[PDB]
């Protein structure tokens, strides 16, 4: 093969590569839209007396995760599996949001922390040992941090709604998360930054617990 041919072929691969980014971009936008709609179905838990609106809200959110599943399926049909971390940054943001939403729906129903692989099943993505689209560890942890912030906010609204028990559950849960994030050696600049914001969330939850205790819980 000659120099001119070789570079023409290179011109080919680069053009294909760029077409992949485009298909990816279209799928991600659709994913962000669906993620916004799911957040809207859940944000409602913050308003009103009591929390009767849960599991109705969780049901609707889960049904909507159906669209996330097909789009993630479609997203996988856009690039070579081993190219994951090459294009990964295109959906970093929406994947972390999806983790948060999945974790929020699971915490609202069971008050537990969804497992990294359980998130995988909800998103229709592949487990960390099934070759395909995977759920990175830093994206999982980022989602959990967003959860924490959501939960700190929920404990305040819970009292406004007349629920003086939930805040004590959230408090315990958030202290545990903080415990774990400290037993971890996060070397990802983004994660450290995010983790740095957990203190504010832990501070907000202590004030509520305190206000409750003082008045007899």
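Residue numbers count along the first chain shown, from 1.
- Note: missing coordinates for residue 161 occur in none of the other compared entries bracketing this position, so the one-third threshold is not reached.
- When the other compared entries with both flanking residues are checked, residue 50 is unmodelled in at least a third.
- Stretch comparison (56 to 64 versus 179 to 187) by mean CA B-factor in the PDB entry places 179 to 187 on top.
- For the two regions 132 to 140 and 90 to 98, the entry's Cα B-factors average higher over 132 to 140.
- Across the residues 105, 75, 119, 145, the deposited record lists the maximum Cα B factor for 75.
- Residue-level temperature factors show residue 110 in the lowest third of its chain, judged at the C-alpha atom.
- In the PDB entry, a CA B factor belonging to the lowest third of its chain's modelled residues is recorded for residue 153.
- When the modelled residues of the chain are ordered by C-alpha B-factor, residue 192 sits in the highest third.
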